[PDB]
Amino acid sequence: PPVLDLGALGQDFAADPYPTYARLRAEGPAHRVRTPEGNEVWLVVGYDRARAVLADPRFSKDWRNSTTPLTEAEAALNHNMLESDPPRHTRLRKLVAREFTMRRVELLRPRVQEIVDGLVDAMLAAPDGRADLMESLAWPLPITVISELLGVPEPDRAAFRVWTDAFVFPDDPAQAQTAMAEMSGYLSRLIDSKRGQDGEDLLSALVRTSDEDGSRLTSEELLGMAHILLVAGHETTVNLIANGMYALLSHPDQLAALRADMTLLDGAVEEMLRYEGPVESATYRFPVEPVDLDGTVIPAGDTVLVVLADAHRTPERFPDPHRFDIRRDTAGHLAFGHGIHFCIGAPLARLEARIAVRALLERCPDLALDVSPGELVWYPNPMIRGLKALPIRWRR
């Protein structure tokens, strides 16, 4: 079986990748491909198998188990809980699990509500009643919340939309590398700027942790932890809010239902995650030994991508999978992963999305998509499902 080239597709595959994935699931669970970027990885498709592989400790997240080389810039950033296995994963996550529980997150609700209120105020002041939702709300909300939590100064934040329109979605390989180096350079200087200043933000608390005992949180892990916590939502929450609003605006009858009964709101957010969540493939996994998936043997050290998008379109698990239905049973979706690496930010992502979605519906009369779906442009990236821009309008 050849290597299916996804850069060849090309296309087209950016707009709607799903039939490709379903086409593979038909044959079997595991498939060699080459990305638009051009790397040889395995894809794992189909719900049951995707779910199992996410939580299977035969598939490592530690790059020591991978045969793929890292650049120096990549390596500088990889001492984080997501690119670790137990016991390191266990020790790292314990350092911040208390910060991110539902109940600690619930305390942020007034402030999140306040940030959204202000962003929409600003949005609604447009004379023509037209906006790009990505710029006015989807981007600035998550960055503002996570920057306050971690103590990134307001003037420093604009650089991050630049670095992420690079780490996450490049446009040139060397420039993703440059972005990485600059980001790491900056986070290191930010870390140093907290020392001895008695800050109460999370980054200042992590600095003292590391300084009190380097075996509990090394200086590399400290930088890794700042990095992962900061990037995670720039790539994800931004896209859930934009993909989800697009979902709703492009299924007017679901929008109408949600307007008629806002108690449906949490369920609608879940179905935005199921139908078009931002993570289309989970982060890299590395078999620690050959792994046989229904007669396909994945060799030790190869790159394995769990395709969450396909799992979410598996009809035996999610009937009429292509229907966006805000009242669907979404229980068991994979949009936040599964197993020891299950999303730590999930309560915070859900709080930000639920508040943003509610504010839009409540405050934008006759909110509409302001281009046809066919004119929207999705990033070519097959790991992150995200839009370049989301034009909307409302009645002024």
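Start at 1 with the first residue shown and count on from there.
Student: Could you settle it for me: does 238-246 or 260-268 have the higher average Cα B factor in the PDB entry?
Tutor: Mean C-alpha B-factor is greater for 260-268.
Student: According to the deposited model, is the average Cα temperature factor higher in 279-287 or in 117-125?
Tutor: The entry gives the higher C-alpha B-factor average to 117-125.
Student: Can you tell me which of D165, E220, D192, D198 has the maximum CA B-factor listed in the PDB entry?
Tutor: Of the options given, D165 has the highest CA B-factor in the PDB entry.
Student: Checking the record values for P57, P365, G337, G345, which has the greatest CA B factor?
Tutor: Comparing C-alpha B-factors across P57, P365, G337, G345, the maximum falls on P365.
Student: Tell me, lowest, middle or highest third: where does the Cα B factor of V304 rank within its chain?
Tutor: Its C-alpha B-factor belongs to the middle third of this chain's values.
Student: Within this chain, which third does the Cα B-factor at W139 fall in: lowest, middle or highest?
Tutor: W139: CA B-factor falls in the middle third of its chain.
Student: Would you mind checking where the Cα B-factor of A26 ranks among the modelled residues of its chain, as the lowest, middle or highest third?
Tutor: Highest third of the chain for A26's C-alpha B-factor.
Student: Lowest, middle or highest third: where is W63 by Cα B-factor in its chain?
Tutor: According to the entry, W63 has a C-alpha B-factor in the chain's lowest third.
Student: Split into thirds by Cα B-factor across the chain's modelled residues, where does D172 land: lowest, middle or highest?
Tutor: Within its chain, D172 is a highest-third residue by C-alpha B-factor, going by the deposited values.
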